[PDB]
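Colleague: quick one: initial chain(s) of a complex, as found there:
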Amino acid sequence: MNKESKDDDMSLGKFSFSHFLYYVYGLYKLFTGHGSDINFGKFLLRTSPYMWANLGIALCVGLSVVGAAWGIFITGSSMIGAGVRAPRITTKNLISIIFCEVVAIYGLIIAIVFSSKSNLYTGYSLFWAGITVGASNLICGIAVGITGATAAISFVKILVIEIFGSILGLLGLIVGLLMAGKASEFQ
Amino acid sequence: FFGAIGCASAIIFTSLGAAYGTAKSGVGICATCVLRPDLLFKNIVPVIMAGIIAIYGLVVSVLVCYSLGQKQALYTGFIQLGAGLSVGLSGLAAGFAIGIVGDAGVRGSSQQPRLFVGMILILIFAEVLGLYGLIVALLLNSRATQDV
Amino acid sequence: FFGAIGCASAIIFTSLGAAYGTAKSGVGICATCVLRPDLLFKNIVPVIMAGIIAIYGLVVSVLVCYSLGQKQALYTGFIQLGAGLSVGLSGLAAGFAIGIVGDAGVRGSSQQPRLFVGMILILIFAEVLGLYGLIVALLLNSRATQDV
Amino acid sequence: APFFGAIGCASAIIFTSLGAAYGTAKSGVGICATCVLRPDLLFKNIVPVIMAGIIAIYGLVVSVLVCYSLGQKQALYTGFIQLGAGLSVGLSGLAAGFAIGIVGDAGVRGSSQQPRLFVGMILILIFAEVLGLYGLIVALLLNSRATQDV
Amino acid sequence: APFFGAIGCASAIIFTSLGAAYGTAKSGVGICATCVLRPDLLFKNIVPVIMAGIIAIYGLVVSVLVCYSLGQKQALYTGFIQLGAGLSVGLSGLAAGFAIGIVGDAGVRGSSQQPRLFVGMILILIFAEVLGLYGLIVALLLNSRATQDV
Amino acid sequence: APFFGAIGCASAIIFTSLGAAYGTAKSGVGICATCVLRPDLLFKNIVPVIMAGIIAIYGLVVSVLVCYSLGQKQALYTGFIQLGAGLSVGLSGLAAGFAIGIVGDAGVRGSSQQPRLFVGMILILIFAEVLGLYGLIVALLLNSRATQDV
Amino acid sequence: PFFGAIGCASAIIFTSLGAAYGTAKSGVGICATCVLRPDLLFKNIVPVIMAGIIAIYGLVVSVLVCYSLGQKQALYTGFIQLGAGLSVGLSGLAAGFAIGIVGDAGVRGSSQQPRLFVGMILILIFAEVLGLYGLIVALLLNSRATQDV
Amino acid sequence: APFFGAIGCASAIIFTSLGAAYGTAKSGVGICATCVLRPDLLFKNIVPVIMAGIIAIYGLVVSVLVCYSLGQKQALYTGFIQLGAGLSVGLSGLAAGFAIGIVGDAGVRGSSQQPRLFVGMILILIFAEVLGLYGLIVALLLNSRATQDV
Amino acid sequence: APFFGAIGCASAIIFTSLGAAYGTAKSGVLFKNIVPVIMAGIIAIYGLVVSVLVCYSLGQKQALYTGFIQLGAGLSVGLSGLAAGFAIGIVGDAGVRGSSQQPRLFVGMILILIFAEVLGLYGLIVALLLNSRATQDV
């Protein structure tokens, strides 16, 4: 029902805040105010189906995107930070920057393959795929980044770890495929 | 047919990033120019880079705008909602990246007028994030067809 | 026909930005003038730039205001809601940028009476964010037609 | 239904007050803080607050206008706009004050050092309030559309 | 059938109190803090608090008025305005105090240094309360519209 | 029917206590903190707390009164006012204490330095409690309107 | 339903918390002072022994309510019960929150000046009555568990 | 009917554990921290923890008792009390520990300096646990009233 | 007919695993100082048993009761488990740190945690009895 239009507001109602973060009680009153709504209480009213679709696929890339843009983020200083001390061999440290982004390309891959009201399994089971590779990316951007920001100032003995954090991208992408593998096309 | 909030959502977040990108870029920019007045026209790169992301969401919004309609298919905007968030959040990430590196670049290029090219490169390497989201929504837009 | 909250929403946020823009701009402005009394008329640029964004939402609101009506089409305001948020949030970003750079500019131009043109440029480059949102809502407004 | 938007009629005087207050305060803090150094600037330094308080008058007008329009029955449409009305003025005011005070301290702090920039300090402030004016304009328009009334 | 807005009748005395309190405190802190240096300024420095407490009297009036109007039955319209009434006065007061106290410390702290600005410190404060007055005016008007009563 | 507002009957003694406590504490902290310097001021410095505790007595009265009025059945109207009653007194008290304690420390800290301002420190405190009195007055009135009872 | 019995817990619950919280910040200084003066121990025990008293209340409160619960009940019966606990409990929770604060002051002060102890007692003696009120409240409330539908 | 209150049967051992843990920790921290200075006080300094752990035993008893009473069917009344039971013991325990540990560090830290106050440090602790005892008593009584059972 | 409470099964090992995790965490940061970690894990060890036993009982069918029994039977372990770690963790740092100075008194620092890790034991005890009682339903 109406609950449709809210979650979008809910989702958006969040990202703004987390954005303005980069620029507590309110939780509890929700919980108690919720904790009562259950008990009152005498009869139960329970979850049920809606259409969904996209919200995963777009959330997938986006959630993934930041993972990159948050990866080059922590490194982007660190390279330049090394920088003026020894500006050359910036690019020898560049190999780090490339991974930090490629984990975004994972999930652009998603964006396509996910091209496509009974047996909702197509749509419904579509979603959690989007989120899973997305967050798997999201942190996959972290790991490569933090190593990189160390890699910059810190040779290849590093890069073992950076790639030891690369495969998270793949495995991150693999299951998103599998989890989508059985999914028929909706109208 | 409420997903049109997406049509806003794109220009919304994308703006934020660009802003946020512009700021922490600009702060050092003016902060560096006092030491070296020359680097201004050079140090403008991040912001002019940064603002680009805005143009995306504009395109995104504009495209979605055409597609809204009093009636619609419930399917029509979801994708629309998906469209904006894609571009927008990506942008919001894009900016978050741009600005951070932005300060580093101008702060660095001050000290060593060499790494500037690198500072460009990383930035040149930053925006493609936005490009992806743009690509995403466009594809998503392309699928506004078949329309019930 | 409740989306008229949007018609407020525009002037609301847009104001906030302008305010927030004005403030952190002004703080340095008066803070710099004590050192150099001359730069006042120059240092007024950010605020006079900043306030511009307000004018947008005003236009936005004004336009939406015409369109409200006791009855309406549920479709009519959504776009209206979309309209304000678009301009407003964008503005809220716009200001959020303006002020930050605002202090830098006046603080910088104090030290080096050169970068001011750059400080202008970045600011000149800041507002277009607002312009976009304005453009967005206008388009959105334009689609208040077809009206059931 | 139940014509509840009158919370707006409060909402205007509410937030608008807050700003004015918040504006008054950080304005006043420096004002008294400066006067100890220069006792003369008092009558000059009163500008921000007297500027600041103006915004209050708006919401008062806003509320007053909405007040006339409430009624036991109403049209559900009637207050929404009313709600829109207050928020418009109020939030704008809340922004307006938040601007006024910040610049407020700067102005008096500055005018202390240089008894020149005072005119500028005025100008920026003179340039601040129009924010409130807009919201006022908004609600007024909104008020004007309380007509047609089902 | 709820006639529940009477929470407003409380809401006024509630927030209004808070402000007055909050006003009283940060006013008083400096007051006693200054008196140790100058014992004379006490009777002078009492101005903010005696100013501050005034706002309380408002909500009292507000509550009292609303109290008369409650009734076991009522019109759902009746309290909304009532709710509007309190919030108006109360929040305004809550702002009013928030202003009073801040300036309050400044005034007594300043008047300590320069026994001149006191008049200014009064003036700003004299200029502070009208915020509360507005809310009071608002609710009163709102109260006045408790008539027509279904 | 609910007749659940009796939570108010608690609500009064609840918050009112909190204030008194909170009032007592920050009052007491300095009290004992001052006595080490001057052992004499003890009996004097007891004023805030003995003042503070007074507010408690109110809610007690408030609760007690409401208690009489509860009943297994009731009118839904009956407690709302009851709820209104407590909140009124209680929150006001909660404000009252929050004032008392703050000034409380100042007074004893000040009276230590200057054994003059203590009368002022009393006065401000004497001027603090009336906040509570108001809430008390409010609920009492509210109580008085528990009549007509469906 | 007859669910208000959560109150019967609610009393001993919060009241405990206060007593605890009271005990702690009281005790911290107590042991902290004794190192300087070993004598004041038996004196410095006053706050805690004062503090713990509040616990006894809720116990009484709970105990009383406990008698009144019953498999069936009147929905009215526990509300008051809920009211009962909260009254005592929150009050206690306040009571403790007062006791401890003054508690440290008293022992810290009495260390320096072995005079103010009587005052430190007095304020504390003046603190608990808060709890007494809540106790009184619930008792009254309990007394009204009668008439019972 | 739900018979879901068995969450209580967990709730007791749950919180009670937490306290004991939390009690154990801040007790232990000083314990080992003191032993480095004086290796002897170990067997003495074990008192708080061995005291602390006692509270755990309670909830165990509490849970165990409730466990017997659960049943596939039940009376909705049956567990409420059960829920009441755990919370009573558990929260009390959670308080109990929160006390134990705090005093715990003080005691061992103090007894280090003065090997005298340890008896006092014991006494206060000896005086701490009775909090838990109460909750235990409460639930037991509550348990005792699981009878009459529809 | 939900049979939902099986979320309990996981819920046991979830906080459980966290316990030793944080437990071992503050433990590690020679041959003596492993003992806390050595003591630490058994909570996790306790965790598996619970989820295990619950699993076998769970079943595609059930009656909503035993689920509830299953539910929180883990919480008994898990909540305690997390606590147990929190106990261990603070301890796990202390005993080693002090032992640095004097390598004698660890006998207590081995005993304190020894009194500590029985916290978990209560959970299983609590837990087991629940499964011991999870039968007889209908």
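Modeller: Looks like it came in fine. Numbering: from 1, shown residues only, chains lettered A, B, ... in the order given.
Colleague: so where do the helices sit in chain B?
Modeller: Along chain B, the segments classed as helices by DSSP state H run B:4-33, B:40-43, B:45-66, B:76-111, B:116-126, B:128-142.
Colleague: Contact residues of chain A facing chain G?
Modeller: When proximity is defined by Cβ under 8 Å from any Cβ of the partner chain, chain A lies next to chain G at residue A:39. For the C-beta atoms, the positions are set from N, CA and C on the backbone; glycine is no exception.
Colleague: Count residues in the vicinity of residue A:138, would you?
Modeller: By other Cβ atoms under 10 Å in any protein chain shown, 22 other residues sit near residue A:138.
Colleague: From chain D, how far out is it?
Modeller: For residue A:138, the distance to chain D (Cβ to the nearest Cβ, to the nearest Å) stands at 34 Å.
Colleague: helix or strand for that residue, which one?
Modeller: Counting by DSSP states H and E, the element that carries residue A:138 is helix A:121-153.
Colleague: counting contacts, what elements does the next helix or strand after that helix pack onto?
Modeller: On the C-terminal side of helix A:121-153, the closest following helix or strand by DSSP H and E is helix A:156-164. For helix A:156-164, the elements it packs on are helix A:94-113, helix A:121-153, judged by 3 or more Cβ pairs under 8 Å, 6 or more residues apart in numbering or on different chains; DSSP states H and E.
Colleague: Quick check: closest non-adjacent residue to whichever residue of chain B sits closest to chain E.
Modeller: For chain B, the residue closest to chain E is residue B:2, as judged by Cβ to the nearest Cβ, at 28.9 Å. Among residues not flanking residue B:2 along the chain, residue A:5 sits closest, at 5.1 Å (Cβ to Cβ, 6 or more residues apart in numbering or on different chains).
Colleague: Give me the residues contacting the strand or helix carrying the one you found.
Modeller: Using DSSP H and E, residue A:5 maps to helix A:3-22. Helix A:3-22 has contacts (Cβ atoms under 8 Å, 6 or more residues apart in numbering or on different chains) with A:50, A:55, B:2-3, B:5-6, B:9, B:13, B:16, B:20, B:81, B:85, B:89, B:92, B:96, C:89.
Colleague: then chain J, please:
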Amino acid sequence: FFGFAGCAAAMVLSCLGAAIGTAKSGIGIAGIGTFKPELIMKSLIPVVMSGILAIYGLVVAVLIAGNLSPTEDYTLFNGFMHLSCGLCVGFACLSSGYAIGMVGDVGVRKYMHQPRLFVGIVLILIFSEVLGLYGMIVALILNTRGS
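Modeller: Below, chain J sits with the chains from the block before:
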């Protein structure tokens, strides 16, 4: 049906730890120096220990995918446990993770302090590792009973 969420829940939770094993490890792996040394083996041990953490959830996700069907029986509701199944496995891997680095970041450094202690941290790490092993076991049991 919705239990398919658990399929996600596996690595998004699993990888999470597995990352913070790697990163927290490597940040210490920078020092002390001497890039020559023949190990170059112990330096990876924490990572790969943390590495297979990611492997865990994968396996979990793998099994939970396959048993999951676009058009196969579920909704009465068969697959429901599978939700637990992944999340069951997950936090352990996570639980493992927060341990790994927490030992690792000091652990790698510890080699520079006492290379003769190199056996020791391992003994801690292996327990620090085993956490995931349990969950997985529990996980597989579930889907094993998953029908």
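Colleague: mind redoing the neighbour count of residue A:138 now chain J's in there?
Modeller: 26.
Colleague: before we move on, back to that, which is the succeeding secondary structure element to the helix holding residue A:5?
Modeller: helix A:25-39.
Colleague: between the helix or strand following that next one and helix B:4-33, how many degrees?
Modeller: Next helix or strand after helix A:25-39 toward the C-terminus (DSSP H and E): helix A:55-69. Orientation of helix A:55-69 against helix B:4-33 (axes from the mean of the first three to the mean of the last three Cα atoms, to 10 degrees) gives an angle of 10 degrees.
Colleague: Centre of the chain to helix A:55-69, how far?
Modeller: Centroid separation between helix A:55-69 and its chain, computed with Cα atoms, centre = their mean, to the nearest Å, is 5 Å.
Colleague: same check, this time on stretch J:104-120
Modeller: Stretch J:104-120 has its C-alpha centroid displaced from the chain centroid by 22 Å (Cα atoms, centre = their mean).
Colleague: go on, stretch A:67-76?
Modeller: Put simply, stretch A:67-76 sits 13 Å off its chain's centre (Cα atoms, centre = their mean).
Colleague: That one close to chain B?
Modeller: Yes - between stretch A:67-76 and chain B, judged by Cβ under 8 Å from any Cβ, the touching residues are A:68-70, A:72-73, A:76.
Colleague: For chain F, give me its nearest residue in chain J.
Modeller: For chain J, Cβ to the nearest Cβ, closest residue to chain F: residue J:2, 37.1 Å.
Colleague: wait, I meant chain B
Modeller: residue B:2 (37.2 Å).
Colleague: give me the number of residues near that residue?
Modeller: Residue B:2: 20 surrounding residues under other Cβ under 10 Å.
Colleague: next one: the one 4 residues further on
Modeller: By the criterion of other Cβ under 10 Å, residue B:6 has 32 neighbours.
Colleague: I'd say it and residue B:86 touch.
Modeller: No - contact status for residue B:6 versus residue B:86: not in contact, 9.2 Å apart, counting by Cβ atoms under 8 Å.
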